[PDB]
Amino acid sequence: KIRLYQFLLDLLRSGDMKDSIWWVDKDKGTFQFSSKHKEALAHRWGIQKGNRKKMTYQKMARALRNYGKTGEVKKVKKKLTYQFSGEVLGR
DNA sequence: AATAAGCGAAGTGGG
DNA sequence: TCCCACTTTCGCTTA
């Protein structure tokens, strides 16, 4: 089963939901969600995972918070903005 | 108030 | 057994 950070990285690379997520500075690995269209992306995550309940952005962002310690994704101090680690990016 | 972003014990998967 | 990698529930804080 795909990991959340890889799901997001693949979307950014493919461009398939450009109205829900986008690079801010791709060289730095910073990206941002759409305030109005992020829920459609969260829904896609839950369906790809086969989860029992409908996925929400709040539940997806909670999983993102859990990467804070191990470092794969860090929250940036700008609205709806995150940053991948160089390690995640280099793969 | 209404809305939104952000934060942090127990259940489910698949090892 | 007991960790993985989240998921789900529920409530709180700030703007």
Side-chain angles (χ1 to χ4, degrees), chain A residues 2-90:
Chain A
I2 192 167
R3 291 191 71 179
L4 173 58
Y5 71 82
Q6 190 71 52
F7 170 81
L8 295 177
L9 186 57
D10 292 349
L11 284 180
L12 286 160
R13 291 181 174 145
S14 81
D16 197 63
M17 298 188 81
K18 302 202 89 72
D19 299 323
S20 299
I21 191 173
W22 49 81
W23 290 119
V24 175
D25 185 335
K26 53 195 173 194
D27 287 27
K28 292 179 181 181
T30 57
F31 64 94
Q32 179 174 53
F33 296 101
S34 164
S35 180
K36 277 273 278 160
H37 302 294
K38 60 191 184 303
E39 294 292 347
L41 180 159
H43 292 157
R44 176 175 299 208
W45 168 235
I47 284 168
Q48 193 169 131
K49 283 289 299 288
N51 297 334
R52 174 179 39 262
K53 307 278 173 159
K54 174 192 82 165
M55 176 57 60
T56 66
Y57 180 85
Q58 273 270 344
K59 287 188 301 184
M60 195 183 67
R62 180 153 193 178
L64 289 182
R65 279 196 298 284
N66 294 347
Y67 291 130
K69 192 147 191 294
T70 53
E72 291 88 339
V73 181
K74 289 195 197 69
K75 182 83 180 62
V76 167
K77 294 290 196 183
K78 308 270 193 168
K79 208 176 282 288
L80 297 173
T81 308
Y82 294 82
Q83 180 172 20
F84 295 111
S85 71
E87 288 77 4
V88 164
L89 299 167

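Letters A, B, ... mirror the listed sequences (proteins, then strands); counts begin at 1. Heavy-atom basis, side chains included; hydrogens, waters and symmetry copies ignored.
Residues A:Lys28 and A:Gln83 approach most closely at O-NE2, 2.8 Å, considering heavy atoms. Considering all non-hydrogen atoms of both residues, A:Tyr5 and A:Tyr67 come closest at N-OH, 3.1 Å. Here the closest non-hydrogen pair linking A:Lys79 and A:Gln32 is O-NE2, 2.9 Å.
A:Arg65 contributes no side-chain N or O that forms a donor-acceptor pair with the base of B:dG6 under 3.5 Å. For C:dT8, the base has a donor-acceptor partner in the side chain of A:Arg62 [N/O atoms by modelled type, under 3.5 angstrom]. Interface remark: the A:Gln58 side chain does not form any donor-acceptor pair with the C:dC10 base, using a distance-only criterion of under 3.5 Å.
Across every strand in view, B:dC7 sits in a pair with C:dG11 that passes the Watson-Crick or G-U test at under 3.5 angstrom. B:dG13: no Watson-Crick or G-U partner with both key distances under 3.5 Å is found in any strand.
Atom CD in A:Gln48 sits roughly 16 Å away from atom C1' in B:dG13 (whole-Å rounding). A straight line from CG of A:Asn66 to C1' of B:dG11 spans 14 Å, rounded to a whole angstrom. Nucleotide C:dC6 holds its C1' atom 13 Å from the CE atom of A:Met60, rounded to whole Å. Taking atom NE2 of A:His37 as the reference point, atom P of B:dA5 lies 12 Å away to the nearest angstrom. Atom CE of A:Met55 and atom P of C:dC6 are 10 Å apart (whole Å). Distance A:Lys53 NZ to C:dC6 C1': 16 Å, rounded to the nearest Å. Per the geometry, OH belonging to A:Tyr57 stands 20 Å off P belonging to B:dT3, to the nearest Å. As a whole-Å value, the separation of A:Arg52 CZ from B:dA10 P is 18 Å.
Taking only side-chain nitrogens and oxygens, A:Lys79 never comes nearer than 4.0 Å to OP1 or OP2 of B:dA4. In this model, the phosphate group of C:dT7 is approached by a side-chain N or O of A:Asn51 to a distance below 4.0 Å at OP1 or OP2. Contact annotation: A:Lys59 does not reach the phosphate of C:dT7 (side-chain N/O to OP1 or OP2, under 4.0 Å). Put simply, A:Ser35 has no side-chain N or O that comes within less than 4.0 Å of OP1 or OP2 on B:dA4. At C:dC6, none of the side-chain N or O atoms of A:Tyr5 fall inside 4.0 Å of OP1 or OP2 (strictly under the cut-off). Look at A:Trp45 and you won't find any side-chain N or O under 4.0 angstrom from OP1 or OP2 of C:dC6.
Among the protein residues, A:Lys38 comes within range of the sugar-phosphate backbone only, with heavy atoms under 4.0 Å from sugar or phosphate atoms but none that close to a base. If you check every strand for non-hydrogen atoms under 4.0 Å, A:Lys77 touches nothing. Contact annotation for A:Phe7: no contact, since no heavy-atom pair falls under 4.0 Å across all strands.
When side chains are defined from C-beta on, A:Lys38 does not count as touching A:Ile21, because their heavy atoms never get closer than 4.5 Å.
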Stepwise, does the ring-ring contact (aromatic ring centres under 6.0 Å, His included) test hold for A:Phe84 with A:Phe31? CA-CA 8 Å; A:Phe84 295 111; A:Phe31 64 94; 4.5 Å; yes

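A donor-acceptor pair is defined here as one N or O able to donate and one able to accept, closer than 3.5 Å; no such pair exists between the side chain of A:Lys74 and the backbone of A:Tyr82.
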